Structure formats: C-alpha cells, structure tokens
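Single-structure report; data block below.
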Amino acid sequence: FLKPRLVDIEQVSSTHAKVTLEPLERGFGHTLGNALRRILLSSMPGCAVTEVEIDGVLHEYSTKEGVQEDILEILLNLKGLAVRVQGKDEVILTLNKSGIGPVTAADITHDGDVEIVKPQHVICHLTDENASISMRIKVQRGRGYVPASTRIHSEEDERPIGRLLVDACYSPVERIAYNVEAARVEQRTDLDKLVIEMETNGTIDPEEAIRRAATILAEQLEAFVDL
Amino acid sequence: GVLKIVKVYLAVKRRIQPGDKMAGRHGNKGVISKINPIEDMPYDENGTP
C-alpha cells in the first residue's frame, strides 16, 4: 500500500514536458493514468477571448480599411494566441498598431496580469501606414469548450452591436500519452513507472495542473466515500 | 410599379453538428451520429489521437 510519488518534471521544451512516477502498484498506474488523461483534458481552467469590440467593425463579415487579412480570419488568429492571467479571471486589453508590418502580439496595452507565451504571434497584417487599428479584447477564464453559441442565450441584451464575440475554448492541455513500463526498484518483483508524456499550448503549469486536477478528483471522490 | 426595392443581406454561420451528412471522394457516404470529445479518441504509441 506504498504511497505514490513523482520525480522532477523533465522540461524538454517550454511547450511540452514529461513527469515520472516511481511508486506505482500493479494496475493502478494504468487505469488511473487513463482516468487522469480525461481530467487533464476537461477540468482545466483555460483562457479564451470572448468579446472583441473593434474600432470600425460592426460585424466580422467586413475587413478593416487598411488591413490585408479579413476580420473573421483575425478573430481566429486571436484564438491562436496563448495568453496567461494571474490575478483576475478577466481583463480587457487594447490593440494599437500602425505602420506596414506583420502585427506581432506585443503592441497591445500590456497589463501586468496579461501574459503572452509568445509576443511574436502575428494576429493581422497591416499594409498601410495611416491606419491605426484599435480593438478591446475581453478575455476570461473557465474550463472546457464553452462556445459563444451557448452563451448568447442569456445575451444580457447585447445592443452595442459593435461588440463582436468569438467561441471560448478553455483548454490549455493538448496531446496526452502515458508510457507504462516496469518500474525497477530492488525491493519488489516489479512496480509501475508512469512517464506521462504531455503536450500543452503553454499557459498553465503542469504541476499546478496535476495537483489541481487531482483535487478535482478529490471532489469526484467525495460522494464515492459517502454512503 | 415597385419604385423602391430593398433587398436585405443577412449573414448566418452554420457549423458542423451531429446529424449532418458527410462523406468522401471514393463514394463513401454517411451521417455523423455523435461528434465525440477528443478524449475518447484511440491514439497510437505517439500520443496523437
């Protein structure tokens, strides 16, 4: 009944890493590793842009007079930006770019809480010099895929129709594979060593995530202890 | 007769959902019965589902 334990999270790259657990018993690490997988793909507090009220945009079916791309496209490239928040769950920013050039993600009103993983992610392409595009980006935090579709039912009467929304996919995690194999300790025939090979987008830290996700499993054990 | 005509242009995105008939090129039809979460996807040694 030996307790379980991890080792140093082997950080090969900033995007993906691998944890390793030595103290596993026969069977546990296998089914629990699969059980963790679902959790590390569902109950994860992700960050996703929800409301983007743009300067000269009443609807996403238009193109800013001065940009190369299309507004609809630009909104998908906003979903392509990985951002971190620390204190508040929500924050409104403002993109301010002018001049011919691939608009990097570091020209925005940078709040101390807003945290980009890569300020080099081009959102749009400015092709003119006298075009200063501005856009308030309301990003927040939640978990799982929560689309603007399911959210427009309450609506709160969004009369200000300059405010164009987007689907909030709250998922940091990405590709999860687990490498089960014989755990070689000298006092036992063979235990189990779970080498969790994980891919992330680069927003929430793995250890933060796994203790947090295990606490969600704790929530999901509550009634399983209650009879 | 009709001196003033006003033709409106609405815009409605219709996405992909369970129930839409989808196929391929080699003559393989079908209808999505239930688009399941990527969490039920069988993955290889790699991890890519």
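Following the order of the structure tokens, chains are lettered A, B, ..., residues in each are numbered from 1, and ligands are numbered from 1.
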Discussion item. Report as JSON, numbers by chain all protein, DNA and RNA residues lying within 9 Å of range 5-10 of chain A, evaluated on only C-alpha atoms, omitting residues in the same chain fewer than 5 positions from it.
Written reply: {"A": [17, 18, 19, 20, 21, 22, 23, 24, 194, 206, 207]}
Keeping only C-alpha atoms, write the selected residues as a PDB file, in the first residue's frame.
```pdb
ATOM      1  CA  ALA A  17       7.341  18.126 -20.728  1.00  0.00           C
ATOM      2  CA  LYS A  18       7.288  14.709 -19.040  1.00  0.00           C
ATOM      3  CA  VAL A  19       6.661  13.731 -15.414  1.00  0.00           C
ATOM      4  CA  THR A  20       7.641  10.312 -13.991  1.00  0.00           C
ATOM      5  CA  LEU A  21       6.092   8.342 -11.137  1.00  0.00           C
ATOM      6  CA  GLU A  22       8.086   5.553  -9.490  1.00  0.00           C
ATOM      7  CA  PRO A  23       5.780   4.389  -6.639  1.00  0.00           C
ATOM      8  CA  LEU A  24       3.003   2.692  -8.628  1.00  0.00           C
ATOM      9  CA  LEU A 194       4.166   6.187 -15.244  1.00  0.00           C
ATOM     10  CA  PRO A 206       1.861  21.073 -15.365  1.00  0.00           C
ATOM     11  CA  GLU A 207       2.430  20.601 -11.622  1.00  0.00           C
TER      12      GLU A 207
END
```
Practice prompt. Pull out every residue of chain B that has at least one atom within 7 Å of chain A, counting only C-alpha atoms, and report them as a list in words.
Written response: residues 39, 46, 47 and 48 of chain B
Store the residues picked out above in a file with C-alpha atoms, as a PDB file, in the first residue's frame.
```
ATOM      1  CA  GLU B  39     -10.977  12.409 -25.055  1.00  0.00           C
ATOM      2  CA  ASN B  46       2.969   8.641 -30.082  1.00  0.00           C
ATOM      3  CA  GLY B  47       0.051  10.194 -28.226  1.00  0.00           C
ATOM      4  CA  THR B  48      -1.541  11.903 -31.212  1.00  0.00           C
TER       5      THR B  48
END
```
Worksheet item: Could you pull out the strand (DSSP E or B) residues of range 20-55 of chain A from DSSP and send them as an NGL selection string?
Response: :A and (20-24 or 45-54)
Item to complete: Please identify which residues in range 15-209 of chain A DSSP calls alpha helix (DSSP H) from the backbone, and express them as a ChimeraX atom specification.
Response: /A:28-39,71-78,148-151,206-209
I need the residues from that last selection saved to file as a compact mmCIF listing (two decimals), in the first residue's frame (with C-alpha atoms), if you can.
```
# COMPACT_ATOMS: atom_id res chain seq x y z
CA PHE A 28 -3.28 1.41 -10.66
CA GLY A 29 -0.92 3.44 -12.86
CA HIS A 30 -2.63 2.07 -15.96
CA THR A 31 -6.32 2.82 -15.31
CA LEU A 32 -5.55 5.87 -13.18
CA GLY A 33 -3.29 7.19 -15.91
CA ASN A 34 -6.22 6.97 -18.29
CA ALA A 35 -8.50 8.46 -15.65
CA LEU A 36 -6.10 11.39 -15.23
CA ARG A 37 -5.99 11.85 -19.01
CA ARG A 38 -9.71 12.66 -19.20
CA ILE A 39 -9.30 15.08 -16.29
CA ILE A 71 -11.85 40.37 -39.71
CA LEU A 72 -13.25 36.83 -39.41
CA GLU A 73 -9.73 35.47 -40.01
CA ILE A 74 -8.20 37.88 -37.48
CA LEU A 75 -10.60 36.59 -34.81
CA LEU A 76 -9.40 33.03 -35.38
CA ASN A 77 -5.81 34.26 -35.07
CA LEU A 78 -6.86 35.76 -31.74
CA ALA A 148 -20.31 31.91 -27.56
CA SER A 149 -23.22 29.99 -29.06
CA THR A 150 -24.31 28.54 -25.71
CA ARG A 151 -23.59 31.93 -24.14
CA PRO A 206 1.86 21.07 -15.36
CA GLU A 207 2.43 20.60 -11.62
CA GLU A 208 -0.08 23.34 -10.82
CA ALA A 209 -2.42 21.46 -13.16
```
Worksheet, complete the sentence: Separating CA of residue 226 in chain A from CA of residue 212 in chain A, to the nearest tenth of an Å, is a gap of 21.8 Å
